[PDB]
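Each of two forms of one protein chain follows alone as structure tokens, named structure 1 and structure 2.
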Structure 1
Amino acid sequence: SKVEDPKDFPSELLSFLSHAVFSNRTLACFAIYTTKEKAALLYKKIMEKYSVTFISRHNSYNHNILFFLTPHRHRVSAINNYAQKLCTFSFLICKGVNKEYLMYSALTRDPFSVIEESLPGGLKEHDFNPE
């Protein structure tokens, strides 16, 4: 497990991410990195639990990354709590997203791919703009 499990997100994505998982500054864009089986499950649980404004599921080579935005702010430790406790096996990494567009956009391109998203045709740059 020290041998098998990712210690973090793919490095291609760490610069779009917040690494202060134990902060108190709340965020409203989060990312979860985990196995494909757990990510399929969480796709729907996080959706229903957090009344997400948006959620998408992504190929990450062997695994999956979920990308989602909440209608209101939350602490990381909080989304980490809920996510870790739903299924208690395998690895899970859940971090804040600082660069919302940039994050979701890399997930739509090689080596990542979209498995599914709550909103047909997902997002674009303009969506992270004004109103």
Structure 2
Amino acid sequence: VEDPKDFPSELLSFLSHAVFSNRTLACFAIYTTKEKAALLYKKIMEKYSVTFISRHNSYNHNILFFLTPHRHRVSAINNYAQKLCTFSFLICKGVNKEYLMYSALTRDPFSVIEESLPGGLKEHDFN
């Protein structure tokens, strides 16, 4: 109901917009509640052995941004993360523009709650 139906309109140009692709990527984003972002961060971190993960503030909910050293399907990440929940909203999408998406998440009206490397894609190549 009041739950978002997509990511914030300001992030949309950075996200993947495939509906029918079997393409795999290495940068994903997840939009969920405050409660689930905490749990998801660690779980996701361990499962996918993330080269990077950050947790962000978004309009009274949270966004998880993360890079993975291996390629995954958006639906594979989605399925893994839905099997934690039930039960609360979750939008999961591939990210096409990693620097841009990261840096947008560090500025208003978004902010960093916590991240696994300080400064992230601004301070580190993940090449």
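Residues that one form lacks are left out of the comparison. Numbering runs along the sequence of structure 1, starting at 1. The term rigid core refers to the maximal set of C-alpha atoms that superpose within 1.5 Å between the two forms.
Remark: structure 1 matches the stated condition (the form solved without the DNA). Fit the two forms on the rigid core and the C-alpha of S23 turns out 2.1 Å off between the two structures. We note a C-alpha movement of 0.3 Å at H74 between the two structures, with the rigid core held in register.
Taking the rigid core as reference, the CA displacement of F89 between the two structures comes to 1.0 Å. Comparing the shared residues between the two structures on a common core, the stretches of 3 or more consecutive C-alphas each displaced by at least 2 Å are 21-23, 120-123, 125-129, listed in sequence order.
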